[PDB]
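Here is the structure we will look at.
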Amino acid sequence: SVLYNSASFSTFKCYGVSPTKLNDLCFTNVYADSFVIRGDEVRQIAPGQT
Amino acid sequence: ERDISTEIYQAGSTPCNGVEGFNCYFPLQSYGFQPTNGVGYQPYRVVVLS
């Protein structure tokens with residue numbers, strides 16, 4: 001709940017895990033890879049593209 | 001039981017209210033029956049006799 005109260009996003013997609021199941025299950029090795037790209041390249045950041 | 005009526009699913013915050021804005025995915029999704037894909041993507045007709 002600390003992500004939707006002070007910052008608005010556009011694209012949010014969790015592959016391999018449901019976005020609503022992030023509260024009951026735990027986590028391990030939480031790595032954050034941050035970068036900046038072009039709007040026409042957002043569709044290229046997905047497991048299985050070209 | 002068969003489900004016919006489809007509604008706008010909510011995945012997180014921001015109430016959709018039947019307008020589809022942010023985090024409001026569509027319940028119905030299309031397939032992709034094409035011979036240029038793999039074996040698992042091929043269509044299979046399944047009949048259950050009870």
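So you can find residues: chains in the structure tokens are A, B, ... in the order shown, residues in each start at 1, and ligands are numbered from 1 in order.
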> Could you name the residues that touch range 2-6 of chain A at 12 Å or less, counting only C-alpha atoms, but leaving out those on the same chain fewer than 4 positions away, as JSON, numbers by chain?
Replying inline: {"A": [10, 12], "B": [12, 13, 14, 22, 23]}
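Among the candidate residues B:34, B:45, B:2, B:8, the one lying nearest to residue 20 in chain B is B:8, with distances computed using only C-alpha atoms.
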> Contacts of residue 10 in chain B at 12 Å or less, counting only C-alpha atoms, minus same-chain residues fewer than 3 places along, as a PyMOL selection string?
Replying inline: (chain A and resi 19-20) or (chain B and resi 7+13-27)
>> Restricting the calculation to only C-alpha atoms: of A:35, A:9, A:27, A:15, which residue gets closest to chain B?
In response: A:9
> In Å to one decimal, how far is CA of residue 42 in chain B from CA of residue 3 in chain B?
Replying inline: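 Distance reported for this atom pair: 25.0 Å.
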>> When you look at range 37-44 of chain A with a cut-off of 10 Å (counting only C-alpha atoms), what residues show up, excluding the ones that are within fewer than 5 positions of it in the same chain? I need them as JSON, numbers by chain.
In response: {"A": [11, 49, 50]}
For the selection you just gave me, I'd like the residues written to a file as a short mmCIF file (atom, residue, chain, number, x, y, z; two decimals), in the first residue's frame, keeping C-alpha atoms.
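Result file is selection22.cif:
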data_model
loop_
_atom_site.label_atom_id
_atom_site.label_comp_id
_atom_site.auth_asym_id
_atom_site.auth_seq_id
_atom_site.Cartn_x
_atom_site.Cartn_y
_atom_site.Cartn_z
CA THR A 11 2.42 0.20 -16.55
CA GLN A 49 10.33 -10.47 -26.70
CA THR A 50 12.77 -9.26 -29.36
#
> Looking at only C-alpha atoms, which of A:14, A:36, A:46, A:30 is the one that sits closest to chain B?
Replying inline: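 Closest to chain B of all the choices is A:14.
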> With distances taken over only C-alpha atoms, which of B:36, B:9, B:1, B:47 is nearest to chain A?
Replying inline: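 Going through B:36, B:9, B:1, B:47 one by one, the smallest distance to chain A is for B:9.
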>> So the first atom is CA of residue 30 in chain B and the second is CA of residue 16 in chain A; what is the distance between them in Å, to one decimal place?
In response: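 These two atoms are separated by 19.2 Å.
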